[PDB]
Every structure is written in C-alpha cells, then in structure tokens.
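Asker: I'm passing along my_file-v4.csv; it holds CSV, C-alpha atoms and all ligand atoms.
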```csv
chain,number,residue,atom,x,y,z
X,1,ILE,CA,187.0,220.7,44.8
X,2,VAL,CA,185.1,223.1,42.4
X,3,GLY,CA,185.7,226.9,43.0
X,4,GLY,CA,188.4,226.4,45.6
X,5,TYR,CA,192.1,227.4,45.6
X,6,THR,CA,195.5,225.7,45.8
X,7,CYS,CA,196.2,225.0,49.5
X,8,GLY,CA,199.9,225.5,49.3
X,9,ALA,CA,202.3,222.5,50.0
X,10,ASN,CA,201.7,220.7,53.3
X,11,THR,CA,199.4,223.4,54.7
X,12,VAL,CA,196.8,220.7,55.5
X,13,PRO,CA,199.1,218.2,57.3
X,14,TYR,CA,196.3,215.8,58.3
X,15,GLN,CA,195.1,215.2,54.7
X,16,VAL,CA,195.8,211.8,53.3
X,17,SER,CA,195.3,210.3,49.7
X,18,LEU,CA,194.0,206.6,49.6
X,19,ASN,CA,195.8,205.0,46.7
X,20,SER,CA,195.3,201.7,44.7
X,21,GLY,CA,197.5,202.6,41.7
X,22,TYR,CA,195.7,206.0,41.4
X,23,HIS,CA,194.1,208.5,43.9
X,24,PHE,CA,190.5,207.4,44.6
X,25,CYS,CA,189.5,209.0,48.0
X,26,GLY,CA,190.9,211.3,50.7
X,27,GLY,CA,191.0,210.7,54.5
X,28,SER,CA,192.2,212.4,57.7
X,29,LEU,CA,195.0,211.3,60.0
X,30,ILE,CA,193.6,211.3,63.7
X,31,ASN,CA,196.7,209.7,65.4
X,32,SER,CA,199.9,208.1,64.1
X,33,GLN,CA,198.4,204.7,63.2
X,34,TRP,CA,194.7,205.5,62.3
X,35,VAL,CA,192.9,207.4,59.5
X,36,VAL,CA,189.2,208.2,59.2
X,37,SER,CA,187.6,208.2,55.7
X,38,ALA,CA,184.2,207.4,54.3
X,39,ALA,CA,182.7,203.9,54.2
X,40,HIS,CA,181.9,204.1,50.5
X,41,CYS,CA,185.7,204.5,49.8
X,42,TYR,CA,186.3,201.0,51.0
X,43,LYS,CA,188.2,198.5,48.9
X,44,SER,CA,191.1,196.1,49.5
X,45,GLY,CA,194.6,197.0,48.4
X,46,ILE,CA,194.7,200.5,49.9
X,47,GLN,CA,198.0,202.3,50.3
X,48,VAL,CA,197.7,205.5,52.4
X,49,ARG,CA,199.8,208.4,51.2
X,50,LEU,CA,200.7,211.1,53.8
X,51,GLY,CA,202.7,214.3,53.3
X,52,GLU,CA,201.4,214.8,49.8
X,53,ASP,CA,200.9,217.9,47.7
X,54,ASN,CA,201.4,216.9,44.0
X,55,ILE,CA,200.1,213.3,44.0
X,56,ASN,CA,201.9,212.5,40.7
X,57,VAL,CA,205.4,213.7,41.7
X,58,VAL,CA,207.6,212.5,44.8
X,59,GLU,CA,208.6,215.9,46.1
X,60,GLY,CA,209.8,214.9,49.5
X,61,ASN,CA,207.8,214.6,52.8
X,62,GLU,CA,205.7,211.7,51.5
X,63,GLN,CA,205.2,208.6,53.6
X,64,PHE,CA,203.5,205.7,51.8
X,65,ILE,CA,202.1,203.1,54.3
X,66,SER,CA,199.8,200.1,53.6
X,67,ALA,CA,196.5,199.8,55.4
X,68,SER,CA,196.6,196.8,57.9
X,69,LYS,CA,192.7,196.7,58.2
X,70,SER,CA,189.8,199.0,57.2
X,71,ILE,CA,186.8,199.0,59.5
X,72,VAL,CA,183.5,200.1,57.8
X,73,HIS,CA,180.9,201.2,60.4
X,74,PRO,CA,178.6,198.1,61.0
X,75,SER,CA,175.4,200.0,60.3
X,76,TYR,CA,176.7,201.6,57.0
X,77,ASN,CA,173.8,201.6,54.5
X,78,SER,CA,175.1,201.9,50.9
X,79,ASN,CA,171.8,203.0,49.5
X,80,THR,CA,171.2,206.0,51.8
X,81,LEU,CA,174.9,206.5,52.8
X,82,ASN,CA,173.8,206.7,56.4
X,83,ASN,CA,176.8,206.0,58.8
X,84,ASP,CA,179.3,206.7,55.9
X,85,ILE,CA,182.5,206.4,58.0
X,86,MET,CA,185.4,204.1,58.0
X,87,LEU,CA,188.5,203.7,60.1
X,88,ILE,CA,191.8,202.5,58.5
X,89,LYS,CA,194.6,201.2,60.7
X,90,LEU,CA,198.1,201.7,59.2
X,91,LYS,CA,200.6,198.7,59.0
X,92,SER,CA,203.3,200.9,60.8
X,93,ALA,CA,202.8,204.3,62.6
X,94,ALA,CA,203.6,207.4,60.6
X,95,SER,CA,206.4,209.8,61.7
X,96,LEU,CA,204.5,213.0,62.7
X,97,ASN,CA,206.2,216.4,62.2
X,98,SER,CA,205.0,219.8,60.9
X,99,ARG,CA,204.1,218.4,57.4
X,100,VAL,CA,202.4,215.2,58.7
X,101,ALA,CA,200.2,215.8,61.7
X,102,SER,CA,196.9,214.4,63.1
X,103,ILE,CA,193.7,216.5,63.5
X,104,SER,CA,191.6,216.5,66.7
X,105,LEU,CA,188.2,214.8,67.0
X,106,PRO,CA,185.4,217.2,68.3
X,107,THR,CA,184.0,217.3,71.8
X,108,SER,CA,180.8,219.0,70.6
X,109,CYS,CA,179.0,219.3,67.2
X,110,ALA,CA,179.4,222.6,65.2
X,111,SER,CA,176.6,225.0,64.6
X,112,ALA,CA,175.1,226.3,61.4
X,113,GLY,CA,177.2,229.2,60.1
X,114,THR,CA,180.5,227.7,61.4
X,115,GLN,CA,183.2,228.3,58.7
X,116,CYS,CA,185.2,225.1,57.8
X,117,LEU,CA,188.0,224.1,55.5
X,118,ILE,CA,187.3,221.2,53.0
X,119,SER,CA,190.3,219.9,50.9
X,120,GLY,CA,191.1,217.2,48.4
X,121,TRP,CA,192.4,216.2,44.9
X,122,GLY,CA,188.8,215.6,43.5
X,123,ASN,CA,187.4,216.9,40.3
X,124,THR,CA,187.6,220.7,39.8
X,125,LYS,CA,184.8,220.9,37.2
X,126,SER,CA,181.0,220.7,37.8
X,127,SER,CA,180.3,219.9,34.2
X,128,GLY,CA,183.2,217.5,33.1
X,129,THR,CA,186.3,216.0,34.8
X,130,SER,CA,189.6,217.9,35.5
X,131,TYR,CA,191.6,216.2,38.3
X,132,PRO,CA,194.3,218.4,39.9
X,133,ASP,CA,197.9,217.4,40.7
X,134,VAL,CA,198.1,219.5,43.9
X,135,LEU,CA,195.7,219.7,46.9
X,136,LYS,CA,192.8,222.1,46.6
X,137,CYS,CA,191.0,223.9,49.5
X,138,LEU,CA,187.6,225.5,49.9
X,139,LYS,CA,186.3,227.5,52.9
X,140,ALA,CA,182.6,226.7,53.3
X,141,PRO,CA,179.9,227.2,56.1
X,142,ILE,CA,177.8,224.5,57.7
X,143,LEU,CA,174.1,225.2,56.6
X,144,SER,CA,171.1,225.0,58.8
X,145,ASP,CA,169.2,221.7,59.0
X,146,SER,CA,166.1,223.3,57.5
X,147,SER,CA,167.9,224.5,54.4
X,148,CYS,CA,169.6,221.0,54.1
X,149,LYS,CA,166.4,219.0,54.4
X,150,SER,CA,164.7,221.4,52.0
X,151,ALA,CA,167.4,220.8,49.5
X,152,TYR,CA,167.3,217.0,49.9
X,153,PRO,CA,163.8,216.1,51.3
X,154,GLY,CA,163.7,212.6,52.9
X,155,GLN,CA,167.5,211.9,52.4
X,156,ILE,CA,169.2,213.7,55.4
X,157,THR,CA,169.6,211.6,58.5
X,158,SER,CA,170.8,213.0,61.9
X,159,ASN,CA,174.3,211.7,60.9
X,160,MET,CA,174.6,214.2,58.1
X,161,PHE,CA,174.9,217.9,57.7
X,162,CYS,CA,175.2,220.2,54.6
X,163,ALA,CA,177.9,222.7,54.0
X,164,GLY,CA,178.5,224.8,51.0
X,165,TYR,CA,176.8,227.5,48.9
X,166,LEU,CA,173.3,227.4,47.6
X,167,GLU,CA,174.1,229.7,44.7
X,168,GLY,CA,176.4,226.9,43.2
X,169,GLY,CA,180.0,227.3,42.0
X,170,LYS,CA,181.9,226.1,45.1
X,171,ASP,CA,181.6,222.5,46.4
X,172,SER,CA,183.6,219.3,47.0
X,173,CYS,CA,183.2,216.6,44.2
X,174,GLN,CA,184.1,213.0,43.2
X,175,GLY,CA,187.7,212.2,44.4
X,176,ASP,CA,187.2,214.4,47.5
X,177,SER,CA,185.0,211.6,49.2
X,178,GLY,CA,186.4,210.5,52.6
X,179,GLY,CA,188.3,213.7,53.2
X,180,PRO,CA,188.2,216.3,55.9
X,181,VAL,CA,185.8,219.1,56.9
X,182,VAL,CA,187.7,220.9,59.7
X,183,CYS,CA,186.1,223.7,61.7
X,184,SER,CA,188.0,225.6,64.5
X,185,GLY,CA,190.8,222.9,64.4
X,186,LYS,CA,188.4,219.9,64.9
X,187,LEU,CA,187.4,217.3,62.3
X,188,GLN,CA,183.6,217.9,62.1
X,189,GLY,CA,182.8,216.2,58.8
X,190,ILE,CA,183.8,213.6,56.1
X,191,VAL,CA,183.0,214.4,52.4
X,192,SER,CA,180.2,211.9,51.6
X,193,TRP,CA,177.8,212.8,48.8
X,194,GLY,CA,175.8,215.5,46.9
X,195,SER,CA,173.8,215.9,43.6
X,196,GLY,CA,176.3,216.7,40.8
X,197,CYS,CA,179.0,219.1,42.1
X,198,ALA,CA,178.5,222.9,42.7
X,199,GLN,CA,174.9,222.9,41.4
X,200,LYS,CA,172.6,225.6,42.7
X,201,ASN,CA,170.5,224.6,45.7
X,202,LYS,CA,172.3,221.2,45.9
X,203,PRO,CA,175.0,221.6,48.7
X,204,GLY,CA,177.5,218.9,49.6
X,205,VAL,CA,176.4,216.5,52.4
X,206,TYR,CA,178.9,215.3,55.0
X,207,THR,CA,179.1,212.6,57.7
X,208,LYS,CA,178.5,214.3,61.1
X,209,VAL,CA,181.7,213.1,63.0
X,210,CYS,CA,180.6,214.5,66.5
X,211,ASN,CA,178.0,211.6,66.5
X,212,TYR,CA,180.8,209.0,66.1
X,213,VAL,CA,183.5,210.0,68.6
X,214,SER,CA,182.7,207.3,71.2
X,215,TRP,CA,182.5,204.7,68.4
X,216,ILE,CA,185.9,205.8,66.9
X,217,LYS,CA,187.5,205.8,70.4
X,218,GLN,CA,186.0,202.3,71.4
X,219,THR,CA,186.9,200.8,68.1
X,220,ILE,CA,190.5,202.1,68.2
X,221,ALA,CA,190.9,201.0,71.8
X,222,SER,CA,189.9,197.4,70.9
X,223,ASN,CA,192.0,197.1,67.6
I,1,LIG,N1,178.8,217.3,45.3
I,1,LIG,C1,179.5,216.9,46.4
I,1,LIG,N2,179.6,217.6,47.5
I,1,LIG,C2,180.1,215.6,46.3
I,1,LIG,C3,181.0,215.2,47.2
I,1,LIG,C4,181.6,214.0,47.2
I,1,LIG,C5,181.3,213.1,46.1
I,1,LIG,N3,181.8,212.0,45.9
I,1,LIG,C6,181.2,211.5,44.8
I,1,LIG,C7,181.5,210.3,44.2
I,1,LIG,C8,181.1,210.0,42.9
I,1,LIG,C9,181.3,208.8,42.3
I,1,LIG,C10,182.0,207.8,43.0
I,1,LIG,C11,182.5,208.1,44.3
I,1,LIG,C12,182.2,209.3,44.9
I,1,LIG,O1,182.6,209.5,46.2
I,1,LIG,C13,180.3,212.5,44.3
I,1,LIG,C14,180.4,213.5,45.2
I,1,LIG,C15,179.8,214.7,45.2
I,2,CA,CA,203.8,213.8,45.7
I,3,CL,CL,162.6,215.6,55.5
```
Take the structure in this file and express it as structure tokens.
Ligand SMILES: NC(=[NH2+])c1ccc2[nH]c(-c3ccccc3O)cc2c1
Ligand SMILES: [Ca+2]
Ligand SMILES: [Cl-]
Answerer:
Amino acid sequence: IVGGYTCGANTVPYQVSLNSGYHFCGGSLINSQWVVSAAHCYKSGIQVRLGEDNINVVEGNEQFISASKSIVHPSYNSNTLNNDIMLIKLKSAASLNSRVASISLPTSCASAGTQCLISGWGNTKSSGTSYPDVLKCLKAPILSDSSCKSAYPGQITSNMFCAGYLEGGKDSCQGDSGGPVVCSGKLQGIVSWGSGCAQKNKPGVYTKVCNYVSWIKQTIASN
C-alpha cells in the first residue's frame, strides 16, 4: 500500500496473508473454511495465515492453516487478467472471534464515489521496494467507468473497476494482490493490477466481486 497508514493490530479481521515461506499475496476470509484471493496469486504449497498484524513476529491471535485446494476461475485469462478470482478451501475451519472474522459478499455492486478500505502488506514505495512488517490501510473511492477506461483504454472488462486517486501518491501495489476492497461492510473488490504503483492517472484495477457471487456460492456449495 503506497500512501496509506498502519491499520492497527487486528482492526481488519478478515484479512489473510498467503504464505509459501514468505508473504506473496493477501486474501479475504468469507466463512470459516474459505478465502477469496486473485487467480494470479495461485501456486501450490500455500499456507493461509489468519489473525496477523506483524507477519514476521508471532504476537498471538495467529492461526496458520494449510490450503486443502485452490480453485482458479475456469475462464481466468492470464494475459488480460479478466476473471482474476480464486477460492481457497482451508484444510480445517478457522476459529472465528473478534480478531479473525469473515467479511460479507455483496448483494449489489457499488457505485462510483463509494469510499472503500483496501489493506495489505505490499510494497509501500512507488519507486523502489519497501515491504512492511505490519498491515497497511488505504481509504480510496471507486472511480467512474469513463475515467477508468480513459486511463486504461481497451484493457478494462465489465469484471473490473478502478479505485484510487488520479493525482498519484496513494495506491495498492505488488504484495497487496488478492486482498480486499471493502465498502460499507461488503467485499466489493480484489486487488488485481495497475501500471506501476501510485502513478498519476494510472489508478489500481480491481476484480468486480458483485459479478461473481452466484459463482462463489455454487462453487462452495459443491466442494
Ligand atoms: N498499482 C496497483 N494498484 C497494483 C496492485 C496490485 C499489484 N500487484 C502487482 C504484482 C506485481 C508483480 C507480481 C505480482 C503482482 O500481483 C502489481 C500491482 C499493482
Ligand atoms: Ca505475526
Ligand atoms: Cl475502451
């Protein structure tokens, strides 16, 4: 997260860190046995870390659970990142409490101007790499589709939306991929891609979760 602030320990209880010996992507807990992340974060050997704040220190509240299976959306296109969503089923259910809690899926899509909270342990520099130990937060609005398509002509599909600041300075970045974009208590986006991080007129692009709720529900019901 570039230009964001320290969230404060466990203030984002649905945030998870996907780990394979180091933090490589974020994710969101939607129930006690399933996490939603981005399809481009897929790899084998994923350990899901819940209740984290400092990812390099065991401070208490952490629950480390192995992934039993990861389900990448069948129509995921790695060249356009269209349908960039993945579901991860946990080997055992997590113990939910006030520090580990799931986030609700939306019943309707959010409108331009909605203010959302984006969080993650991704790079904090737009020019260079500085990875934080604790979770960073950024409040950002969803932009209109015209401003999004004008920033990325020909690369925005109906399954994507832009959120951020066109003046630059505040954005999600590498390491934040797969993590949550929460607006009014509902998971509306997944950190997916962008051009550089926090560059002027190049806002972050996110997977539009309201278009996948029936798919997430049907897939969880059958696995
Ligand atoms: N500017 C943004 N809003 C943004 C968000 C997530 C990102 N993830 C990545 C990324 C870069 C290299 C490898 C994996 C990634 O997810 C870039 C990147 C940029
Ligand atoms: Ca920790
Ligand atoms: Cl276009």
Asker: Do you know which residues are within 9 Å of ligand CA 2 (chain I) using only C-alpha atoms and all ligand atoms? Can you write them as a list in words?
Answerer: residues 49, 51, 52, 53, 54, 55, 56, 57, 58, 59, 60, 61, 62, 133 and 134 of chain X
Asker: Would you kindly return, as JSON, numbers by chain, each protein, DNA or RNA residue with an atom no farther than 12 Å from any atom of residue X:195, considering all atoms listed in the file and excluding same-chain residues fewer than 3 positions away?
Answerer: {"X": [126, 151, 152, 155, 162, 168, 171, 172, 173, 174, 192, 198, 199, 200, 201, 202, 203, 204, 205]}
Asker: Skip residue X:206 itself and residues of its chain fewer than 4 positions away, then list as a PyMOL selection string all residues within 7 Å of it, counting only C-alpha atoms.
Answerer: chain X and resi 160-162+189-193
Asker: How far is it from atom CA of residue X:188 to atom CA of residue X:85, in Å with one decimal?
Answerer: 12.3 Å
Asker: Identify, counting all atoms listed in the file, the protein, DNA and RNA residues located within 6 Å of ligand CL 3 (chain I), and give them as a PyMOL selection string.
Answerer: chain X and resi 149+153-154
Asker: Once 5 Å is added on each side, what centre and edge lengths in Å to one decimal does the axis-aligned box around all listed atoms of ligand LIG 1 (chain I) have, as lines of an AutoDock Vina configuration file?
Answerer:
```
center_x = 180.7
center_y = 212.7
center_z = 44.9
size_x = 13.8
size_y = 19.8
size_z = 15.2
```
Asker: Could you please determine the separation between atom CA of residue X:124 and atom CA of residue X:176 in Å, to one decimal place?
Answerer: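 So the two atoms, atom CA of residue X:124 and atom CA of residue X:176, lie 10.0 Å apart.
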Asker: Please determine, counting only C-alpha atoms, which residue among X:179, X:37, X:1, X:48 has the shortest atom-to-atom distance to residue X:72.
Answerer: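 The closest residue to residue X:72 is X:37.
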Asker: Separation of atom CA of residue X:146 and atom CA of residue X:159, in Å?
Answerer: 14.6 Å
Asker: From the set X:24, X:121, X:14, X:34, which residue has the shortest atom-to-atom contact distance to ligand LIG 1 (chain I), counting all atoms listed in the file?
Answerer: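 Between X:24, X:121, X:14, X:34, the residue approaching ligand LIG 1 (chain I) most closely is X:24.
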Asker: Looking at X:70, X:130, X:107, X:157, which one is nearest to residue X:82, with distances taken over all atoms listed in the file?
Answerer: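 Among the listed residues, X:157 lies closest to residue X:82.
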Asker: Rank nothing, just name the residue among X:215, X:22, X:76, X:42 nearest to ligand LIG 1 (chain I), using all atoms listed in the file.
Answerer: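 Of X:215, X:22, X:76, X:42, the one nearest ligand LIG 1 (chain I), counting all atoms listed in the file, is X:42.
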